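# Summary of structural features
Here's the letter readout for the chains.
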There are 2 protein chains.
Amino acid sequence: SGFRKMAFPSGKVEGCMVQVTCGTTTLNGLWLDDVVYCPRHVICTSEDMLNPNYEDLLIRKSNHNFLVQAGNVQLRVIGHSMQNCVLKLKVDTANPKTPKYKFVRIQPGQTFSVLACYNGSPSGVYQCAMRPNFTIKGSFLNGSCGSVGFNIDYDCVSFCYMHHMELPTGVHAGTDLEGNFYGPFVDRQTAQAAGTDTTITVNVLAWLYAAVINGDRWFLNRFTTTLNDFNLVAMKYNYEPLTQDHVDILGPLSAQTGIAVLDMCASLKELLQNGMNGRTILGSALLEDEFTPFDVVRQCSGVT
Amino acid sequence: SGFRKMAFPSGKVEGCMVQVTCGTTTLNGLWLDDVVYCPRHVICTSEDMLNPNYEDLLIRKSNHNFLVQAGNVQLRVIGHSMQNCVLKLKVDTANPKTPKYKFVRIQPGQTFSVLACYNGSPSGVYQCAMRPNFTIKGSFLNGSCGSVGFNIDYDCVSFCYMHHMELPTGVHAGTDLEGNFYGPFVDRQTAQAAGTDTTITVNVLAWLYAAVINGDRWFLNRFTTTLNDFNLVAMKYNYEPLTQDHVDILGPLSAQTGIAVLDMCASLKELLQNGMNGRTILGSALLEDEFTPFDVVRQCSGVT
Ligand SMILES: Cc1ccncc1NC(=O)Cc1cccc(O)c1
Ligand SMILES: Cc1ccncc1NC(=O)Cc1cccc(O)c1
């Protein structure tokens, strides 16, 4: 009973967080095996950020300039290298708390937990969706760079995001763990357009199934629709076009509840055209798109 | 930039979770020092739950009947006792992962993180408020009993809740770590009235301050109100009456933003009387009451 915006337990990730200082800048690093990963802008001063020549800035740095501290212990840096927008600092000690892990590049519309950190210390954990425009609407202040996003399948942490930047619009940008930015963003102090965003249709449908499973059924109607008809409505309301692949991923939820995907699409169509009429669904007064069909199945069954 | 329903990092609590089995029932236990805490209904069968005589049911149990497993290792039970609705199983080994901790009884309107667990394994973490009627709107399925709520001040975990029960209405009930239920609830399979709930006024005001700090300002108006006038509106809309003590706790947020508490009350009064007019605040289409003034200050400053 009940449905919450649930994050993964952050324990395996807390054990990997470290503080990285270079010159006067301090941010967070991710210590896995004998490598510490952090945003490459740790080597910049606030003045350098207009248009930094990272290659030139890193050439002035040596292993001993990167101060890496795991809580209270100091790590010895024996190598440094830049891969895309991340720095990899080789340390002489493998992190004893390194969990089984993978580095994954998630797709837009997928979700993940963020362990927000400051000075190498965890402050909190929250669940995010990677927007269709490759930004995340997180909660990050100065010093949060290097905080990571992740998913966990049993004992394996799949790291998918590292926080790098806040856009002038207050939304967030970052990279995969190979330092490749999601979206068109550059690690520079310049105005950067985030693309037109859309609502993640398949996630809203998955969340409508979670509502039905939990007893919120008022939005169910006597109608049905087709992919073509629904997509004309999705277009008008800036929703992602629904594909057969999206319908296929909704299969388990359609099977458990006995509500065909296109019938749930007709409920979503009516909610888009008429609003909620001052009512709520799972404690929300808007259509939630931060739960994937997998998240709904996991939460509704109790997967640990 | 940004504001999220953030939970505490759950790492220190994950290290304390164990599985407790007695007879045919399995649930979660909290292992701190050499004691494992769990709901006393672990000793019941589904048939016993109509009106269990817990004293009599526990008399038929011996130390060896409580199977306690921490992941893959088996704990040796050397004592058992019932305190209110919790069982305390003394084990021969102190948990090496026991953090600095306290047991606290939180007040209604206060918030905390829940580490949902099944079979002693963590599934996810979310932030909750203890409702004014002493229920929590969580996300719990069968097997989640024994999952705990907590807050963390630097390195100290203050355990405030242990999950025991789901009411016929789909809301949740539980105890403090001394086994005292929050609210009038009993650990029986009987219909139990949850009191009339109200919205946590001071939390909604704190969240309006968080909105202003983050740039959502459209609801700010040219009006002011008094405690008496605002409370006539709070009464009509089932909001908790605002007291000078609530105003006093809002002081830091009033000081940081320069918006007097009664002026923010006039914005809340207008939002109650007129609705959001199809707009949102911090990504919500309703008035959020699950962030305390302390939560807002902590998140807005970056406390770890
Ligand atoms: C201040 C802040 C708040 C929340 N999240 C991140 C930040 N920091 C930055 O954006 C640092 C930066 C990174 C690339 C380019 C820059 O010019 C500046
Ligand atoms: C099934 C479930 C779902 C979510 N949270 C908890 C539960 N379990 C219970 O309520 C067990 C119980 C506890 C006291 C009395 C009872 O009759 C039954």
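Residues numbered from 1 in each chain as written, not as in the entry; some residues may be left out. Chains lettered and ligands numbered in written order. Heavy atoms only, no water.

The deposited coordinates derive from X-ray crystallography, with the record listing a resolution of 1.500 Å.

### Remarks on the relation of the copies chain B and chain A
The operation linking the two copies of the chain is a rotation about an axis combined with a translation along the axis. Mapping chain B onto chain A calls for a rotation angle of 180° and an axial translation of 0.0 Å; the resulting RMSD is 0.0 Å. A rotation of that kind, with that shift, is consistent with a two-fold axis. When C-alpha positions in chain B are compared against the rotation axis, the closest is assigned to B:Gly11, at 1.8 Å. The overlap is high: 100% of the interface residues of chain B also sit at the interface in chain A, so the same surface is used on both sides. (Least-squares fit on C-alpha atoms. Contact = heavy atoms within 4.5 Å.)

### Quick word on the site of ligand 1
All names here are of chain A. Residues in close proximity to ligand 1 total 14 residues, the closest being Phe-140, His-163, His-164, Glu-166 and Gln-189. Separating a nitrogen atom of ligand 1 from a side-chain N or O atom of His-163 is a distance of 2.8 Å. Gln-189 has a polar backbone atom sitting 3.3 Å from an oxygen atom of ligand 1. Contact with the protein chains hides 84% of the accessible area of ligand 1, taken as 430 Å² for the molecule alone. (Near = heavy atom within 4 Å. Polar contact = N/O pair within 3.5 Å; in protein donor to acceptor, adjacent residues only side chain to side chain. Areas by Shrake-Rupley, 256 points an atom, 1.4 Å probe, with all protein chains shown as cover.)

### A few points about the side chain of B:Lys269
Residues and elements named next belong to chain B. Within the secondary structure, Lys-269 sits in helix 7 (residues 261-274). Assessed through its relative accessible area of 17%, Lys-269 is described here as buried. Within the structure, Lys-269 has its side chain in polar contact with the side chain of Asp-229 (distance 2.8 Å). Excluding anything up to four places from it in sequence, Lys-269 contacts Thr-225, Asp-229, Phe-230 and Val-233. (Helix = DSSP H or I, 4+ residues; strand = E, 2+ residues; numbered from the N terminus. Buried < 20%, exposed > 50% of the residue type's maximum accessible area, 1.4 Å probe, protein only.)

### Thoughts on the packing of helix 3 (residues 201-213) of chain A against helix 8 (residues 293-301) of chain A
Residue and element names in this part refer to chain A. Two elements in contact, helix 3 and helix 8, have axes whose closest approach is 8 Å; the angle formed by their N-to-C orientations is 20°. By the criterion of interaxial angle, the relationship of helix 3 to helix 8 is roughly parallel. Judged by the twist between their axes, the crossing of helix 3 over helix 8 is right-handed. In this structure, helix 3 contributes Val-202, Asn-203, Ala-206, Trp-207, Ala-210 and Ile-213 to the contact, and helix 8 contributes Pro-293, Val-296 and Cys-300. Per-class residue counts for the contact of helix 3 with helix 8 are eight nonpolar, one polar and no charged. (Axes fitted to C-alpha atoms, helices over the stretch in contact; angles between N-to-C directions. Parallel < 35°, antiparallel > 145°, perpendicular 65-115°, else oblique. Left-handed = near helix turned anticlockwise from the far one by under 90°. Nonpolar A, V, L, I, M, F, W, Y, C, P; charged D, E, K, R; others polar.)

### Brief notes about the site of ligand 2
Residues and elements named next belong to chain B. Neighbouring ligand 2 are 14 residues; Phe-140, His-163, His-164, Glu-166 and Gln-189 lie closest to it. Within the contact set of ligand 2, a nitrogen atom lies 2.8 Å away from a side-chain nitrogen or oxygen of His-163. The fraction of the free accessible surface of ligand 2 (430 Å²) that becomes covered by protein chains is 84%. Residue composition of the shell around ligand 2, grouped by class: five nonpolar, six polar and three charged.

### Quick look at helix 7 (residues 261-274) of chain A
Residues and elements named next belong to chain A. Here helix 7 spans 20 Å end to end across 14 residues, near enough to the 20 Å set by a 1.5 Å rise per residue. Among the residues making up helix 7, those that are buried are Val-261, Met-264, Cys-265, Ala-266, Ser-267, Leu-268, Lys-269, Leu-271 and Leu-272. At the exit of helix 7 stands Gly-275, carrying a positive phi of roughly 75°. (Expected span 1.5 Å × (residues − 1).)

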